[PDB]
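Below: the structure, in structure tokens.
Neighbour counts run over all protein chains shown; Cβ positions are idealised from the backbone, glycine included. Read-outs: derived from the displayed coordinates by stated rules, not from any lab.
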Amino acid sequence: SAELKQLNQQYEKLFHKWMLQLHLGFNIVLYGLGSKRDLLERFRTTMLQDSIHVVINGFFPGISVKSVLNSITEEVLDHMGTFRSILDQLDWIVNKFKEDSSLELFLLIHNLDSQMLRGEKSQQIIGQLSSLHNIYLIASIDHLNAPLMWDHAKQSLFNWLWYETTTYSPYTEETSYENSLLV
Amino acid sequence: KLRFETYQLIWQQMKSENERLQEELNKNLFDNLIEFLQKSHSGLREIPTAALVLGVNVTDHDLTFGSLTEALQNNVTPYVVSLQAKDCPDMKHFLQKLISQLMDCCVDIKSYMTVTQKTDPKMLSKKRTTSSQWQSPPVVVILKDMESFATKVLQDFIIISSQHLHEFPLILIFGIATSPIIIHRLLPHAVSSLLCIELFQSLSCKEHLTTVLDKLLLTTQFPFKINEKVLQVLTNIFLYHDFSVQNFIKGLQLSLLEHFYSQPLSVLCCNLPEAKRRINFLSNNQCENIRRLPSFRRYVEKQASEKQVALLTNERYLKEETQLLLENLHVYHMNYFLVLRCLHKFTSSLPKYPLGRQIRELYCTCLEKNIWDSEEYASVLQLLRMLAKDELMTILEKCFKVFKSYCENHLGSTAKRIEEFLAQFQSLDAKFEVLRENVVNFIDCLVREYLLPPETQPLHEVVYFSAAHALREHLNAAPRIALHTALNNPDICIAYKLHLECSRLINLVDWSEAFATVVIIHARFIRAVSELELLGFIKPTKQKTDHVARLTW
């Protein structure tokens, strides 16, 4: 019970550093054994804090890339529900952002692996957004084939800062959704 | 921070000169694109074309297609359009963008609901806007990928446009990686002829690599230098993995910055006066810090009495001695590069290239371990002692036409050793001469001027950047090292031990029960295994009833 906290503390010292990385156009990444919830939600209570922090849990089946762009655009962005074609959506949100500058939006995705995010369109979106400098991306990954689905164009659109981030915590709220057959 | 002012300085100086040298390496090839295009315009139903070979780099060259839009709008010659292949599944979007783009090529320089475009108005723009020019414009239809062109689509356009032609002497540029056989594959023979191609060449990543290293990182301009391990790991990510000078650059910022967050000790990393200003600004904490690191501690170890404390206690005799450490330091590095290029025209000419070929290589191997201590160097010795004669006098006279060209142009020094060498080789032009020049290249240069990173002056840290590992974590993206070694090396640890152990396929009757022969106790293996699904070290597999089986090896 004792050890984990210290590690979840050590990563916090990189935090401000990540902020600077977030300014420089890159996006940090955590490959853990465990869950970063207490660390990613401490990143919400410690670093992000502030405002304009969008949270979509990928182990949540509920949120969807269309309702990801709504969930970003509906409440927090507050502009609208994103229009039918997502390319047009991002063209409106962007002509708002390209016009309205210096608005930094920090998004934290638990388990990009998804679905819904499996779609090459979904990561052409996240590719454009996280490529769009205003917002910024912190993703937590599990699937061994996570690096599989990221191609050249996307690992370019995602400039990924990959971090040790070896995490021992469950995987409790991540584990609450998965069902197995002994029950 | 000061290091970030230095960042943007260096940084945009770097991409600046990168994009300019991109524009020159162009300029021979682009002056040969408009000189080819103006050779075919100098001199029916056949589309002539231009085939450019750009090896396997995508985004770096979109600049120069923006600059073909520009440059080939500039000659007053064509109005240029670019058709992308992925834009382009059907036969409609190419003629639509054909013409959208040559009515548009008439617009941007003057400083609807785009569904409205079709196959007519190009045939009108070089008719209606100008039918009588009289000298027809090329529209070089830059087909930025013709490889991904839909083949049905491909022949339907080369046949539709070919059929229509000489009202439109279209030429079309080919963004391409490979050699002519593959065009001859995706473009059929009827097309290989309709294209009337003249094959052209465009420079790839690896050349821009060796060039840029020789130039940029190994410039004496910027003090920053790299340790063997992030040079090896970087040029390994470039050579062994991803060929983009993009990823090597962004990785070079991330190195630049990464160091430049190490400790303030680099604020002295600047030109001797720019650094000495910072010397004046130095405070007692930093005085503690210089008192600490090795090559200072080493520089402190071959020391003396009080003197040593006015390093350790009373800062003034240090900061004086910092201007002693550092002045020297930025003297040494110049004394190297002057001499490194030197080595190259000697041994870059040589065969076997056992120590190295490209300038980056000599930098690498020279700095890795003692050149003298390595035997491949001695092998190169035996070589030079063999060749002798006129091959050497020509190549060496080219080492002074060209290295005296460096100290005449490329480098100011003026080190007074250079000059002595120089006179020596003039005298030769007019064996143990080659072996006293090489021994001069040995004792006077390799022994003395080429020397190592760790055998160097005090404070070789912070100008030379250690701490490779973390970047490799933050770039190389090696999750399965940390994973494999973590899950191997504890109920999930033992779980992965079982997932290693059992056989191949493990039946959940006697897997739940073999894990009950081998091993509250169950739920952690179903979460280990459901993660190993989510992780992916197994899969929830149907090859047998109630089974979990790995795709990963």
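Projecting the Cα atoms of B:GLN201, B:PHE222, B:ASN236 onto the dipole axis of segment B:190-251, where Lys and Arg carry +1 and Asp and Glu carry -1 at the beta carbon, places B:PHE222 farthest toward the positive end.
For A:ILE135, the amide hydrogen comes within under 5 Å of the amide hydrogens of A:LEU105, counting only partners 5 or more places away or on other chains and with H modelled in the peptide plane.
Dipole of the protein assembly as shown computed with +1 at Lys/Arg Cβ and -1 at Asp/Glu Cβ about the Cα centre; of A:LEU181, B:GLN358, A:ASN145, farthest Cα towards the positive end is B:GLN358. Taken over segment B:466-550, the alpha-carbon convex hull comes to 110 cubic angstrom per residue. For segment B:263-461, a simple Cβ point-charge model (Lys and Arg +1, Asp and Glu -1, everything else neutral) yields a dipole of about 260 debye relative to the Cα centre. Placing +1 on each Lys and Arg Cβ and -1 on each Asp and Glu Cβ, with no other charges, gives segment B:324-380 a dipole about its Cα centre of roughly 280 debye. Backbone phi angles across segment B:257-267, fed through the Karplus curve with coefficients 6.51, -1.76 and 1.60 (θ = phi - 60°), yield HN-Hα couplings of 3, 3, 3, 5, 9, 4, 5, x, 3, 7, 4 Hz in residue order; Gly and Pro are listed as x.
Compute the signed sum of charges (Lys and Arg +1, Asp and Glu -1) over the other residues within less than 12 Å, Cβ to Cβ, of A:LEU148.
On the way: positive: A:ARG118, A:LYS154, B:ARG480; negative: A:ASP113, A:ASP151.
That sum, taken over residues with Cβ under 12 Å, equals +1.
Projecting the Cα atoms of B:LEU311, A:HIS79, B:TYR79 onto the charge dipole of the protein assembly as shown (Cβ charges, centred on the Cα centre) puts B:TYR79 farthest toward the positive pole. Within the same chain, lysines fewer than 8 places from B:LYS302 are excluded, and of the rest, those with a Cα less than 20 Å from its Cα are B:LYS319. Karplus-derived 3J(HN,Hα) values for segment B:501-507, using 6.51 cos²θ - 1.76 cosθ + 1.60 with θ = phi - 60°, are 7, 3, 9, 9, 9, 10, 6 Hz; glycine and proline are entered as x.
Over all other residues within a Cβ to Cβ distance under 14 Å of B:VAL141, the charged ones net out to +1, with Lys and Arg as +1 and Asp and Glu as -1.
Across segment B:122-190, the relative contact order, built from alpha-carbon pairs under 8 Å that are at least six residues apart, equals 43 percent.
Counted by Cβ distance under 11 Å from B:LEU428, the other residues give a net charge of -2, where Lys and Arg count +1 and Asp and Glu count -1.
When Rg and Dmax are taken over the Cα atoms of segment B:72-214, they come to 16.6, 53 Å.
Here the contact order of chain A, divided by its residue count and restricted to Cα pairs under 8 Å and six or more residues apart, works out to 37 percent.
Between the amide H of A:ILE109 and those of A:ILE138, A:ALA139, A:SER140, distances stay under 5 Å, these residues lying 5 or more places away or on another chain, with hydrogens modeled in the peptide plane. Under 12 Å from a label point set 7 Å out along the Cα-to-Cβ vector of A:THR175, the amide N atoms of segment A:35-58 belong to A:35.
The magnitude of the dipole of chain B, with charges of +1 and -1 set on the Cβ of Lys/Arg and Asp/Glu and taken from the Cα centre, is near 520 debye. Shown in residue order for segment A:34-45 are the 3J(HN,Hα) couplings computed by the Karplus curve 6.51 cos²θ - 1.76 cosθ + 1.60 at θ = phi - 60°: x, 9, 8, 3, 5, 7, 7, 6, 6, 5, 7, 7 Hz (x for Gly and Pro). Here the protein assembly as shown carries DSSP beta bridges of which approximately 5% are antiparallel, counting only pairs with both residues inside. Highest mobility in the GNM of chain A, judged by mean-square fluctuation with C-alpha springs under 10 Å and restricted to A:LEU117, A:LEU87, A:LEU48, is found for A:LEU87. Each 20 Å bin from zero up to the one holding the largest Cα-Cα distance in chain B carries the following percent of pairs: 16, 33, 34, 17, 1. The H on the amide N of A:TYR31, modeled in the peptide plane, is under 5 Å from the matching H of A:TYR163, each at least 5 residues off or on a different chain. Shape descriptor for the protein assembly as shown: Rg over Rh equals 1.02 (Cα atoms; Rh from the Kirkwood inverse mean 1/r). The mean of 1/r over all distinct Cα pairs in segment A:3-163, once inverted, gives the Kirkwood hydrodynamic radius of 16.0 Å.
Could you tell me which of the pairs A:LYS121/B:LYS539; A:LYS5/A:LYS36; B:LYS92/B:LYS118 are separated by over 19 angstrom between their Cα atoms in the structure shown? Checking Cα-Cα distances, A:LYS121/B:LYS539 exceed 19 Å.
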